[PDB]
Amino acid sequence: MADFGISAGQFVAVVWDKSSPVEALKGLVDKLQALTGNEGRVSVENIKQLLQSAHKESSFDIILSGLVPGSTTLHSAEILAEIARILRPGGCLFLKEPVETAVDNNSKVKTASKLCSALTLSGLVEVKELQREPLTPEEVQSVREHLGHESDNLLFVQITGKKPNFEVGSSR
């Protein structure tokens with residue numbers, strides 16, 4: 001539960017994709033379904049079908065996006081939008097995406113800066129990295145064949161962001 005600050009009695013939506021095999025996915029959602037789905041609720045959505053993830057406004061206290069080892073995915077304003085949209089005020093959002101330390105912000109792939117800025121600008125705040133993961137030959141090929149990411153200055157990293165709740169007045 002400390003992994004994503006999950007709790008029982010809240011609504012947490014788990015977002016998976018091709019990079020998220022049922023082996024791990026089912027497991028991540030299972031534990032969260034027993035700890036969160038017990039008192040609260042747990043929904044499942046696909047990164048590719050994120051468009052349908054737009055259930056309602058501020059309903060999920062927490063949102064997960066590809067939280068597996070070696071995961072490979074790149075979220076954008078279009079995706080992040082839906083997340084935050086359904087993300088309750090004051091909730092949390094955890095996602096993992098490859099970052100490049102030798103390319104512009106936008107580029108062909110969301111970089112570290114672009115990611116943090118995109119998330120914070122997607123309606124989230126207090127965004128920051130939680131951990132760092134190395135690049136493997138089986139992953140790089142997946143992201144390159146799934147998106148087109150191909151570089152040597154790349155590196156997988158996990159980032160999170162908290163949703164702004166009406167009880168502060170920071171900015172957005």
# chains A, B, ... in the order shown; residues from 1 in each chain; ligands from 1

call {"tool": "residues_around", "arguments": {"residues": "residue 16 of chain A", "least_positions_apart": "6", "cutoff": "7 Å", "atoms": "only C-alpha atoms", "output": "compact mmCIF listing (two decimals) with N, CA, C and O atoms, in the first residue's frame"}}
result
# COMPACT_ATOMS: atom_id res chain seq x y z
N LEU A 25 0.40 -7.43 -14.20
CA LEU A 25 -0.78 -6.58 -14.16
C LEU A 25 -1.83 -7.16 -13.21
O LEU A 25 -2.20 -6.54 -12.22
N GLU A 45 -8.36 -0.12 -16.78
CA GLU A 45 -8.37 0.59 -18.05
C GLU A 45 -7.08 0.34 -18.83
O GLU A 45 -6.03 0.09 -18.24
N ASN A 46 -7.17 0.39 -20.15
CA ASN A 46 -6.01 0.17 -21.01
C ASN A 46 -5.48 1.49 -21.55
O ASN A 46 -6.24 2.34 -22.01
N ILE A 47 -4.16 1.65 -21.50
CA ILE A 47 -3.52 2.87 -21.99
C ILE A 47 -3.97 3.19 -23.41
O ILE A 47 -4.13 4.35 -23.77
N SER A 65 -0.39 4.07 -13.77
CA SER A 65 -0.14 3.93 -15.19
C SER A 65 1.13 3.12 -15.44
O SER A 65 2.24 3.63 -15.32
N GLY A 66 0.96 1.85 -15.79
CA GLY A 66 2.10 0.99 -16.05
C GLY A 66 3.11 1.01 -14.92
O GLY A 66 4.17 1.62 -15.05

call {"tool": "residues_around", "arguments": {"residues": "residue 112 of chain A", "least_positions_apart": "2", "cutoff": "9 Å", "atoms": "only C-alpha atoms", "output": "list in words"}}
result
residues 97, 98, 99, 100, 101, 105, 110, 114, 115, 116, 117, 157 and 159 of chain A

call {"tool": "select_by_dssp", "arguments": {"residues": "segment 8-170 of chain A", "states": "strand (DSSP E or B)", "output": "PyMOL selection string"}}
result
chain A and resi 11-16+41-46+60-65+87-100+125-133+154-162

call {"tool": "closest_residue", "arguments": {"among": "A:76, A:58, A:107, A:49", "to": "residue 165 of chain A", "atoms": "only C-alpha atoms"}}
result
A:58

call {"tool": "closest_atom_pairs", "arguments": {"of": "segment 39-99 of chain A", "to": "segment 129-135 of chain A", "cutoff": "12 Å", "atoms": "only C-alpha atoms", "output": "CSV"}}
result
residue,atom,partner,partner_atom,distance
A:67,CA,A:131,CA,11.3
A:68,CA,A:133,CA,10.6
A:69,CA,A:133,CA,8.1
A:70,CA,A:133,CA,7.4
A:71,CA,A:133,CA,9.4
A:72,CA,A:135,CA,9.8
A:93,CA,A:130,CA,11.6
A:94,CA,A:130,CA,9.0
A:95,CA,A:129,CA,9.6
A:96,CA,A:129,CA,9.3
A:97,CA,A:133,CA,10.0
A:98,CA,A:135,CA,8.7
A:99,CA,A:132,CA,10.3

call {"tool": "select_by_dssp", "arguments": {"residues": "segment 30-106 of chain A", "states": "alpha helix (DSSP H)", "output": "ChimeraX atom specification"}}
result
/A:30-35,77-86

call {"tool": "closest_atom_pairs", "arguments": {"of": "segment 104-149 of chain A", "to": "segment 82-85 of chain A", "cutoff": "8 Å", "atoms": "only C-alpha atoms", "output": "tab-separated table"}}
result
residue	atom	partner	partner_atom	distance
A:122	CA	A:84	CA	6.9
A:123	CA	A:84	CA	6.0
A:124	CA	A:84	CA	6.7

call {"tool": "write_last_selection", "arguments": {"atoms": "N, CA and C atoms", "output": "PDB file, in the first residue's frame"}}
result
ATOM      1  N   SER A 122      -0.981  19.109 -16.722  1.00  0.00           N
ATOM      2  CA  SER A 122      -2.139  18.282 -17.039  1.00  0.00           C
ATOM      3  C   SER A 122      -3.188  18.367 -15.933  1.00  0.00           C
ATOM      4  N   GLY A 123      -2.950  19.250 -14.967  1.00  0.00           N
ATOM      5  CA  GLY A 123      -3.882  19.414 -13.867  1.00  0.00           C
ATOM      6  C   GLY A 123      -3.347  18.848 -12.566  1.00  0.00           C
ATOM      7  N   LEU A 124      -2.092  18.411 -12.584  1.00  0.00           N
ATOM      8  CA  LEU A 124      -1.463  17.843 -11.397  1.00  0.00           C
ATOM      9  C   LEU A 124      -0.445  18.812 -10.804  1.00  0.00           C
TER      10      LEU A 124
END

call {"tool": "closest_residue", "arguments": {"among": "A:78, A:30, A:39, A:150", "to": "residue 52 of chain A", "atoms": "only C-alpha atoms"}}
result
A:78

call {"tool": "atom_distance", "arguments": {"atom1": "atom CA of residue 136 of chain A", "atom2": "atom CA of residue 73 of chain A"}}
result
13.9 Å

call {"tool": "atom_distance", "arguments": {"atom1": "atom CA of residue 11 of chain A", "atom2": "atom CA of residue 29 of chain A"}}
result
12.4 Å
